[PDB]
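Following: one structure in structure tokens, then a few remarks.
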Amino acid sequence: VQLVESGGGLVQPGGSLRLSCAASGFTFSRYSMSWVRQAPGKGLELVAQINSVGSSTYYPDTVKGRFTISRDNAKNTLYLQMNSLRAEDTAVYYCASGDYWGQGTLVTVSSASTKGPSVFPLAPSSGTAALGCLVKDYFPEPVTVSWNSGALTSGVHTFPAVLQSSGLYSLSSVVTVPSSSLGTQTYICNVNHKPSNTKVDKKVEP
Amino acid sequence: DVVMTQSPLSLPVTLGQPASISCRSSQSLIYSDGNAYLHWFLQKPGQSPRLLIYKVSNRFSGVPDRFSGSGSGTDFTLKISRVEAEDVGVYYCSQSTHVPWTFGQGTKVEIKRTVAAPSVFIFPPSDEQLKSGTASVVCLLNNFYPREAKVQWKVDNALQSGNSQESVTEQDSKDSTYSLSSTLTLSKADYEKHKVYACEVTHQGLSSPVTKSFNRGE
Amino acid sequence: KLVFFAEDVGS
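Residue numbers (the deposited numbering), protein chains in the order written: chain B, 2 to 52, 52A, 53 to 82, 82A to 82C, 83 to 123, 129 to 208; chain A, 1 to 27, 27A to 27E, 28 to 213; chain C, 16 to 26.
Structure representation (structure tokens):
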């Protein structure tokens, strides 16, 4: 059983978005479906609920009259037409059959433009040694940071993105390695910012 | 609207010990077919919620035997046999008897472990960053417990306020420790006007506060 | 796959 969402992303306030879900493996036409959202560090909040055929519909008074849930029982797809978008609609949107929840598509409602980050090394100093990288001034979320093309996973700590007063995001990713290892081993972090199509590989050297 | 009341909202628990999460329903959940549509979900950090228990007591595919569900009518409970390191996450109760499908506030389950002192590290800004007219001074607090820790920035012994932001990682699934990062943001001109850059660390696991410093200029 | 929602029992 799979639920793959699409159509999510950065949107202007007062704008429109339409989320799509490709439901697979379980006879989609037989069951009710829903759209549940989650704002940063918040709980589960239902957005819309449709029945098996599509004759019954429910929306809470937070999205009512602005959002529309729909379904194609022949194509095995679920839709959510979001209109008159507000900053309070910024959340991760999941498509759920209840027992199964998709990966969730992140929706951002902001007038701020897409910006790629600045990648700076957190150089090691003076048998455990700490080093990392600062991923500063990007919008919107998310970024992904891996070390040595995924080979280095042990002792890696990637910190949650903190919004700066400038309205741009920033975070740091750190890794603990033996000091012995330094002289030999080369340390490079792979920073990926899919929203702005930015890819940066930064060598962190003493 | 059928309102689910959860208790406790925060659940710190020792490894291998049992845990119980309470859930009250505002009305009856028994449907015409005889089944009461009350479920339990687990959401670990950065991932989608996963169904554990479905109709009061039945467990889902892949879900262990240690998880268990009980209750009838309004009162319900989710019990764990032995708390494992992989159980850290937010547990949700849910109702699917009536329209709309509702949820509880969520219970954060924490691992209560032995006190671990943090590893403190200070990183000076990069030379490349100084070109753009900004300097970022990062402080790393690695692998500590409890989560509560104080970080103070000192610039030539002068205490800093409102010019630093901190970030904490979620509880680890392997060693159950926390990691903290504090970043001091200063312009190139404000940065170049001072010598001493330190971060004072206060943690339960430290008998005395840990101070890590560097001089700008080497 | 389960009949998660009570509205689907009559289907």
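Virtual Cβ for every residue (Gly too), placed ideally from N, Cα, C.
- By the rule that beta-carbons nearer than 8 Å mark a contact, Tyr91(B) touches chain A.
- Exclusion of the five residues before and after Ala84(B) leaves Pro14, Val106, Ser107 as the residues of its chain whose Cβ lies within less than 8 Å of its Cβ.
- The DSSP assignment places complete alpha helix (DSSP H) segments of no fewer than 4 residues inside the stretch 165-207 of chain B at 182-186, in order along the chain.
- In this structure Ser177(A) is buried. Its beta-carbon is surrounded by 16 or more other beta-carbon atoms within 10 angstroms.
- DSSP places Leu17(C) in the coil class of the three-state scheme, outside both helix and strand.
- Taking the C-beta atoms as reference points, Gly84(A) is found nearer than 8 Å to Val104(A).
- Here the C-alpha atom of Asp203(B) lies approximately 6 Å from the C-alpha atom of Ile190(B).
- Judged by DSSP in its simplified three-state form, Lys75(B) adopts coil rather than helix or strand.
- Contact annotation for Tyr87(A) against chain B: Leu45 [CB-CB distance below 7 Å, chain order].
- For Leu201(A), no chain B residue has a C-beta closer than 9 Å to its own C-beta; the minimum C-beta separation is roughly 17 Å.
- For the stretch 104-150 of chain A, the full-length beta strand (DSSP E) segments reaching 3 residues or more read 114-118, 129-139, 145-150 along the chain.
- Against chain B, a Cβ distance below 7 Å from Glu123(A) picks out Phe117.
- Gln187(B) and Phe20(C) have their C-alpha atoms spaced approximately 55 Å apart.
- When only Cα atoms are considered, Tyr27D(A) and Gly169(B) end up about 49 Å apart.
- The beta carbon of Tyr58(B) sits no closer than 8 Å to any beta carbon of chain C.
- Under the 8 Å criterion on CB atoms, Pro142(B) is classed as non-interfacial with respect to chain A.
- Within chain C, no C-beta atom comes less than 9 Å from the C-beta of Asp1(A); the nearest is roughly 16 Å away.
- With respect to the 8 Å criterion, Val94(A) and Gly16(A) are not classified as neighbours on the basis of their beta carbons.
- With contacts defined by Cβ atoms closer than 8 Å, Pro120(A) and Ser76(A) do not form a contacting pair.
- With 16 or more other Cβ atoms inside 10 Å of its own Cβ, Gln50(B) counts as buried.
- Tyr86(A) and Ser10(A) have their C-alpha atoms some 10 Å from each other.
- If you look at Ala184(A), you'll find it isn't in any beta strand (DSSP E); it sits in the alpha helix (DSSP H) that goes 183-187.
- Interface annotation for the stretch 170-181 of chain B against chain A: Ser172, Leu173, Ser174, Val176, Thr178, criterion Cβ-Cβ distance under 8 Å.
- For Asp60(A), no Cβ of chain C is located within less than 8 Å of the residue's own Cβ.
- The three-state secondary structure of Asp82(A), taken from DSSP, is helix.
- In the structure shown, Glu161(A) falls within a strand segment according to DSSP collapsed to helix, strand and coil.
- Between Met82(B) and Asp86(B), the C-beta spacing is below 8 Å.
- In this model, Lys190(A) and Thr14(A) are separated by some 46 Å (Cα to Cα).
- With a threshold of 8 Å between beta carbons, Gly29(A) makes no contact with chain B.
- At a cut-off of 8 Å between C-beta atoms, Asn76(B) does not count as an interface residue with respect to chain C.
- Of the residues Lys64(B), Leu20(B), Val89(B), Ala131(B), the one whose Cα lies closest to the Cα of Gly42(B) is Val89(B).
- With respect to the 8 Å criterion, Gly99(B) and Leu4(B) are classified as neighbours on the basis of their beta carbons.
- In terms of CA proximity to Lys201(B), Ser151(B) leads the group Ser30(B), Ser151(B), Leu78(B), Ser110(B).
- DSSP places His159(B) inside the beta strand (DSSP E), whose first and last residues are 158-160.
- Less than 8 Å divides the Cβ of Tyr140(B) from the Cβ of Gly113(B).
- At a cut-off of 8 Å, the C-beta of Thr92(A) has a neighbouring C-beta in chain C.
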